[PDB]
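For reference, model16.pdb is printed below; it contains PDB, C-alpha atoms.
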```
ATOM      1  CA  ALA J  54       2.969 -33.836 -14.565
ATOM      2  CA  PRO J  55       4.385 -32.934 -11.126
ATOM      3  CA  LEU J  56       3.083 -30.234  -8.806
ATOM      4  CA  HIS J  57       5.885 -27.722  -8.271
ATOM      5  CA  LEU J  58       5.587 -25.809  -4.993
ATOM      6  CA  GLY J  59       7.864 -22.834  -5.614
ATOM      7  CA  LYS J  60       7.595 -21.262  -2.167
ATOM      8  CA  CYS J  61       6.496 -23.900   0.312
ATOM      9  CA  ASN J  62       6.580 -27.536   1.370
ATOM     10  CA  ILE J  63       3.527 -29.778   1.725
ATOM     11  CA  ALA J  64       2.957 -28.605   5.319
ATOM     12  CA  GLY J  65       2.775 -24.914   4.411
ATOM     13  CA  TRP J  66       0.839 -25.533   1.224
ATOM     14  CA  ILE J  67      -1.777 -27.792   2.828
ATOM     15  CA  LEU J  68      -2.311 -25.545   5.876
ATOM     16  CA  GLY J  69      -2.206 -22.353   3.816
ATOM     17  CA  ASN J  70       0.835 -20.648   5.344
ATOM     18  CA  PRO J  71       0.425 -16.986   4.309
ATOM     19  CA  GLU J  72       2.821 -17.013   1.313
ATOM     20  CA  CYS J  73       1.725 -20.368  -0.112
ATOM     21  CA  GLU J  74      -0.367 -20.566  -3.273
ATOM     22  CA  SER J  75      -4.025 -21.537  -2.959
ATOM     23  CA  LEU J  76      -3.187 -23.335  -6.229
ATOM     24  CA  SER J  77      -6.747 -23.353  -7.566
ATOM     25  CA  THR J  78      -5.373 -24.475 -10.939
ATOM     26  CA  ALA J  79      -3.684 -27.831 -10.312
ATOM     27  CA  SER J  80      -6.295 -30.494  -9.570
ATOM     28  CA  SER J  81      -4.036 -33.474 -10.288
ATOM     29  CA  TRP J  82      -0.371 -34.458 -10.194
ATOM     30  CA  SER J  83       1.982 -37.425 -10.400
ATOM     31  CA  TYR J  84       4.186 -36.142  -7.572
ATOM     32  CA  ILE J  85       4.993 -33.039  -5.520
ATOM     33  CA  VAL J  86       8.218 -31.033  -5.640
ATOM     34  CA  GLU J  87       8.725 -29.062  -2.422
ATOM     35  CA  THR J  88      10.547 -25.878  -1.459
ATOM     36  CA  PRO J  89      12.312 -25.575   1.936
ATOM     37  CA  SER J  90      11.511 -22.533   4.089
ATOM     38  CA  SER J  91      12.533 -21.016   7.431
ATOM     39  CA  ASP J  92       9.264 -21.810   9.210
ATOM     40  CA  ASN J  93       8.940 -25.207   7.514
ATOM     41  CA  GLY J  94       5.398 -24.352   6.465
ATOM     42  CA  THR J  95       4.155 -23.781   9.991
ATOM     43  CA  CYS J  96       4.438 -20.075  10.792
ATOM     44  CA  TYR J  97       3.033 -20.807  14.246
ATOM     45  CA  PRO J  98       5.640 -23.121  15.815
ATOM     46  CA  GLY J  99       4.530 -26.672  16.647
ATOM     47  CA  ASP J 100       4.602 -30.295  15.496
ATOM     48  CA  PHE J 101       2.871 -31.541  12.345
ATOM     49  CA  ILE J 102       1.596 -34.983  13.357
ATOM     50  CA  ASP J 103       1.569 -38.006  11.021
ATOM     51  CA  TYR J 104       3.314 -35.771   8.499
ATOM     52  CA  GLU J 105       5.219 -38.335   6.434
ATOM     53  CA  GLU J 106       2.029 -40.354   6.044
ATOM     54  CA  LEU J 107       0.301 -37.216   4.740
ATOM     55  CA  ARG J 108       3.060 -36.601   2.186
ATOM     56  CA  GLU J 109       2.435 -40.148   0.917
ATOM     57  CA  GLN J 110      -1.353 -39.639   0.800
ATOM     58  CA  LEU J 111      -0.911 -36.461  -1.273
ATOM     59  CA  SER J 112       1.812 -37.875  -3.522
ATOM     60  CA  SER J 113      -0.184 -38.796  -6.629
ATOM     61  CA  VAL J 114      -3.714 -37.428  -6.928
ATOM     62  CA  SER J 115      -6.177 -37.757  -9.830
ATOM     63  CA  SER J 116      -8.564 -35.080  -8.600
ATOM     64  CA  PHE J 117      -8.150 -32.550  -5.817
ATOM     65  CA  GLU J 118     -10.610 -29.921  -4.673
ATOM     66  CA  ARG J 119     -10.610 -27.450  -1.784
ATOM     67  CA  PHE J 120     -14.012 -26.714  -0.224
ATOM     68  CA  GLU J 121     -15.208 -24.717   2.778
ATOM     69  CA  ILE J 122     -16.053 -27.602   5.110
ATOM     70  CA  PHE J 123     -17.150 -25.228   7.869
ATOM     71  CA  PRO J 124     -18.157 -21.861   6.383
ATOM     72  CA  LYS J 125     -16.430 -19.090   8.311
ATOM     73  CA  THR J 126     -19.412 -16.739   8.444
ATOM     74  CA  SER J 127     -22.012 -19.206   9.700
ATOM     75  CA  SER J 128     -20.299 -22.068  11.549
ATOM     76  CA  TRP J 129     -19.311 -20.375  14.804
ATOM     77  CA  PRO J 130     -22.101 -18.129  16.117
ATOM     78  CA  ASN J 131     -21.017 -18.611  19.754
ATOM     79  CA  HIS J 132     -17.275 -18.019  19.327
ATOM     80  CA  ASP J 133     -15.080 -15.303  17.824
ATOM     81  CA  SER J 134     -13.660 -16.228  14.420
ATOM     82  CA  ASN J 135     -12.243 -12.783  13.612
ATOM     83  CA  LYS J 136      -9.314 -12.378  16.049
ATOM     84  CA  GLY J 137      -7.126 -15.358  15.190
ATOM     85  CA  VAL J 138      -4.044 -13.729  13.698
ATOM     86  CA  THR J 139      -0.499 -13.676  15.007
ATOM     87  CA  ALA J 140       2.868 -11.950  14.647
ATOM     88  CA  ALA J 141       4.269 -15.449  14.123
ATOM     89  CA  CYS J 142       2.485 -15.427  10.771
ATOM     90  CA  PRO J 143       3.161 -12.027   9.179
ATOM     91  CA  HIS J 144       2.157 -11.158   5.620
ATOM     92  CA  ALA J 145       3.299  -7.897   4.031
ATOM     93  CA  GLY J 146       3.301  -5.966   7.310
ATOM     94  CA  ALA J 147       0.104  -7.384   8.814
ATOM     95  CA  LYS J 148      -0.499 -10.134  11.365
ATOM     96  CA  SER J 149      -2.035 -13.150   9.645
ATOM     97  CA  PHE J 150      -2.640 -16.899   9.977
ATOM     98  CA  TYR J 151      -3.222 -20.106   8.013
ATOM     99  CA  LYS J 152      -5.764 -19.794   5.205
ATOM    100  CA  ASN J 153      -7.308 -23.196   5.825
ATOM    101  CA  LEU J 154      -7.854 -23.080   9.601
ATOM    102  CA  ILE J 155      -9.521 -20.635  11.978
ATOM    103  CA  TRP J 156      -8.068 -19.846  15.378
ATOM    104  CA  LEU J 157     -11.314 -19.530  17.385
ATOM    105  CA  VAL J 158     -11.237 -17.572  20.653
ATOM    106  CA  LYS J 159     -13.765 -16.572  23.318
ATOM    107  CA  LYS J 160     -16.619 -14.142  22.755
ATOM    108  CA  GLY J 161     -16.837 -11.758  25.688
ATOM    109  CA  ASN J 162     -16.148 -13.922  28.733
ATOM    110  CA  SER J 163     -17.662 -17.074  27.260
ATOM    111  CA  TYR J 164     -16.423 -20.119  25.366
ATOM    112  CA  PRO J 165     -19.309 -22.621  25.368
ATOM    113  CA  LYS J 166     -18.715 -26.220  24.340
ATOM    114  CA  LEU J 167     -18.631 -26.237  20.569
ATOM    115  CA  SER J 168     -19.856 -29.250  18.644
ATOM    116  CA  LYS J 169     -19.738 -29.359  14.869
ATOM    117  CA  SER J 170     -20.003 -32.275  12.469
ATOM    118  CA  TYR J 171     -19.536 -32.872   8.759
ATOM    119  CA  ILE J 172     -20.869 -35.780   6.721
ATOM    120  CA  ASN J 173     -18.861 -36.600   3.620
ATOM    121  CA  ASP J 174     -21.332 -36.138   0.760
ATOM    122  CA  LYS J 175     -18.702 -35.582  -1.938
ATOM    123  CA  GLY J 176     -18.520 -39.196  -3.128
ATOM    124  CA  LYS J 177     -14.752 -39.231  -2.662
ATOM    125  CA  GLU J 178     -12.313 -39.238   0.272
ATOM    126  CA  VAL J 179     -12.125 -35.969   2.194
ATOM    127  CA  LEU J 180      -8.947 -34.734   3.892
ATOM    128  CA  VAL J 181      -9.565 -32.669   7.030
ATOM    129  CA  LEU J 182      -6.882 -30.822   8.978
ATOM    130  CA  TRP J 183      -7.037 -29.032  12.323
ATOM    131  CA  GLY J 184      -4.796 -27.613  15.024
ATOM    132  CA  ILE J 185      -4.513 -27.811  18.793
ATOM    133  CA  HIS J 186      -3.172 -24.711  20.521
ATOM    134  CA  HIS J 187      -1.030 -24.946  23.661
ATOM    135  CA  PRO J 188      -0.711 -21.588  25.455
ATOM    136  CA  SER J 189       2.456 -20.600  27.300
ATOM    137  CA  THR J 190       0.766 -19.431  30.521
ATOM    138  CA  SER J 191      -2.479 -19.924  32.427
ATOM    139  CA  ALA J 192      -3.222 -16.215  31.865
ATOM    140  CA  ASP J 193      -3.052 -16.661  28.082
ATOM    141  CA  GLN J 194      -5.298 -19.731  28.331
ATOM    142  CA  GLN J 195      -7.888 -17.606  30.142
ATOM    143  CA  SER J 196      -7.504 -14.640  27.815
ATOM    144  CA  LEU J 197      -7.972 -16.813  24.725
ATOM    145  CA  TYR J 198     -10.476 -19.437  25.839
ATOM    146  CA  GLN J 199     -11.895 -18.320  29.206
ATOM    147  CA  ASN J 200     -11.858 -21.887  30.557
ATOM    148  CA  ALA J 201      -8.817 -23.036  32.539
ATOM    149  CA  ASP J 202      -9.308 -26.762  32.022
ATOM    150  CA  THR J 203     -10.298 -27.699  28.487
ATOM    151  CA  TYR J 204     -10.443 -30.553  26.003
ATOM    152  CA  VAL J 205     -10.838 -31.167  22.299
ATOM    153  CA  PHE J 206     -12.405 -34.307  20.897
ATOM    154  CA  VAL J 207     -12.331 -35.407  17.259
ATOM    155  CA  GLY J 208     -14.128 -38.539  16.133
ATOM    156  CA  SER J 209     -15.057 -40.375  12.952
ATOM    157  CA  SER J 210     -15.579 -44.043  12.065
ATOM    158  CA  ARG J 211     -11.811 -44.519  11.693
ATOM    159  CA  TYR J 212     -10.487 -41.873  14.079
ATOM    160  CA  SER J 213     -10.964 -41.005  17.731
ATOM    161  CA  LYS J 214      -8.809 -38.785  19.915
ATOM    162  CA  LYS J 215      -9.188 -36.576  22.968
ATOM    163  CA  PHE J 216      -6.649 -33.764  23.280
ATOM    164  CA  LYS J 217      -5.593 -31.946  26.439
ATOM    165  CA  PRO J 218      -3.656 -28.696  26.043
ATOM    166  CA  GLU J 219      -0.392 -28.430  27.915
ATOM    167  CA  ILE J 220       0.181 -24.928  29.180
ATOM    168  CA  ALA J 221       3.933 -24.301  29.281
ATOM    169  CA  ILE J 222       6.629 -21.829  28.263
ATOM    170  CA  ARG J 223       8.516 -23.315  25.319
ATOM    171  CA  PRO J 224      11.548 -21.568  23.810
ATOM    172  CA  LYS J 225      10.460 -18.417  21.967
ATOM    173  CA  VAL J 226      10.155 -19.050  18.225
ATOM    174  CA  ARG J 227       8.896 -16.283  15.945
ATOM    175  CA  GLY J 228       7.721 -14.544  19.122
ATOM    176  CA  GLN J 229       5.775 -17.497  20.513
ATOM    177  CA  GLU J 230       6.379 -19.461  23.706
ATOM    178  CA  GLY J 231       3.181 -21.391  23.016
ATOM    179  CA  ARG J 232       2.872 -24.161  20.431
ATOM    180  CA  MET J 233       0.332 -25.413  17.909
ATOM    181  CA  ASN J 234       0.211 -29.034  16.747
ATOM    182  CA  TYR J 235      -1.371 -29.995  13.424
ATOM    183  CA  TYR J 236      -3.449 -33.087  12.739
ATOM    184  CA  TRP J 237      -5.340 -34.642   9.860
ATOM    185  CA  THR J 238      -7.566 -37.567   8.983
ATOM    186  CA  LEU J 239      -9.319 -38.979   5.921
ATOM    187  CA  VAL J 240     -13.100 -39.202   6.034
ATOM    188  CA  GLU J 241     -14.706 -41.870   3.845
ATOM    189  CA  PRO J 242     -17.739 -41.143   1.668
ATOM    190  CA  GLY J 243     -20.828 -41.309   3.882
ATOM    191  CA  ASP J 244     -18.941 -41.090   7.180
ATOM    192  CA  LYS J 245     -19.288 -38.285   9.703
ATOM    193  CA  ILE J 246     -16.522 -36.395  11.523
ATOM    194  CA  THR J 247     -17.327 -34.541  14.738
ATOM    195  CA  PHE J 248     -15.380 -31.816  16.526
ATOM    196  CA  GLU J 249     -16.061 -30.984  20.161
ATOM    197  CA  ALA J 250     -14.153 -28.467  22.288
ATOM    198  CA  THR J 251     -14.161 -26.213  25.322
ATOM    199  CA  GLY J 252     -11.079 -24.385  24.054
ATOM    200  CA  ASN J 253      -7.771 -24.616  22.181
ATOM    201  CA  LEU J 254      -9.173 -25.861  18.872
ATOM    202  CA  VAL J 255      -7.960 -24.375  15.614
ATOM    203  CA  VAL J 256     -10.955 -25.381  13.522
ATOM    204  CA  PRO J 257     -10.975 -26.522   9.905
ATOM    205  CA  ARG J 258     -12.193 -23.907   7.455
ATOM    206  CA  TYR J 259     -11.059 -25.472   4.195
ATOM    207  CA  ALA J 260     -10.752 -29.208   3.612
ATOM    208  CA  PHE J 261      -9.993 -31.215   0.480
ATOM    209  CA  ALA J 262     -11.818 -33.845  -1.534
ATOM    210  CA  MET J 263      -9.558 -36.078  -3.597
ATOM    211  CA  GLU J 264      -9.064 -39.304  -5.496
ATOM    212  CA  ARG J 265      -5.709 -41.063  -5.718
TER     213      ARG J 265
END
```
Would you write out, as structure tokens, the structure that this file holds?
Amino acid sequence: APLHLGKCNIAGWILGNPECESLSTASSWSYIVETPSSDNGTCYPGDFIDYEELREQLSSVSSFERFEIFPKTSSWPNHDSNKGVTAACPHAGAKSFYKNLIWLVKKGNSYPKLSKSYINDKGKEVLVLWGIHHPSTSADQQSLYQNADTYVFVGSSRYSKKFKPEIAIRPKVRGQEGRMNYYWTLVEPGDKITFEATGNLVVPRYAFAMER
């Protein structure tokens, strides 16, 4: 039987756009039926990278399970994980954000280098998603992350990329002149994925274990 997304497309559903169902009932499907929406599943404007490939990966799944890859309460003792909401992502009158990612910002006037890894001990492929935030102005970069010149690195046995934020005023969309790009990779059983950043990283909170 198909998975019918009644409100969202795969982008919004997999990131956890505020209106999308956590769908903790459907653990398998033969295909996905998607619903178009104004923000295209990304309330914070930006580009979903390798998106068509992801739609194919999620097309027909035999088991599918969401798990808290990096527990919110314990993973980020040196950064602030409780301020990452935005008017771009409203929910019933309140500023909100994606369910499955955390927009980390500085704590006081500090954003130390974060380093966090996850070894896939689930015995099945794990899908991990994250975001890279690009502020509109150097002031916003400082206000959010303290550090003016930052990087994000993500590495596994099959993936390696270093990201540099571009600070620039894009056209205002849902109030935002900044942008957020979205990325994903599949981590094999036994492999380790590592995240390293001095700013601008929208960290995974929930990831997915699945079998095709």
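Using all atoms listed in the file, the smallest distance between any of J:115, J:209, J:75, J:81 and residue 173 in chain J comes from J:209.
Across the model, the gap from CA of residue 158 in chain J to CA of residue 213 in chain J is 23.6 Å.
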Polymer residues at most 12 Å from residue 178 in chain J, only C-alpha atoms, same-chain spacing of 4 or more positions, as an MDAnalysis selection string: chainID J and resid 110:111 114:118 172:174 238:245 260:265
If we count only C-alpha atoms, what is near residue 154 in chain J at a cut-off of 6 Å, once residues fewer than 5 positions away on the same chain are taken out, given as a PDB file with C-alpha atoms, in the coordinates of the input?
```pdb
ATOM      1  CA  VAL J 256     -10.955 -25.381  13.522  1.00  0.00           C
ATOM      2  CA  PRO J 257     -10.975 -26.522   9.905  1.00  0.00           C
ATOM      3  CA  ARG J 258     -12.193 -23.907   7.455  1.00  0.00           C
TER       4      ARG J 258
END
```
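CA of residue 175 in chain J is positioned 21.5 Å from CA of residue 126 in chain J.
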Could you expand the PyMOL selection byres ((chain J and resi 130) around 12) into the explicit residues it covers here, written as a PyMOL selection string? chain J and resi 123-129+131-135+157-160+164-165+167-169
So which residues get picked by the PyMOL selection byres ((chain J and resi 228-236) around 9) here, written as a ChimeraX atom specification? /J:68,95,97-104,140-141,181-190,220-227,237-238,255
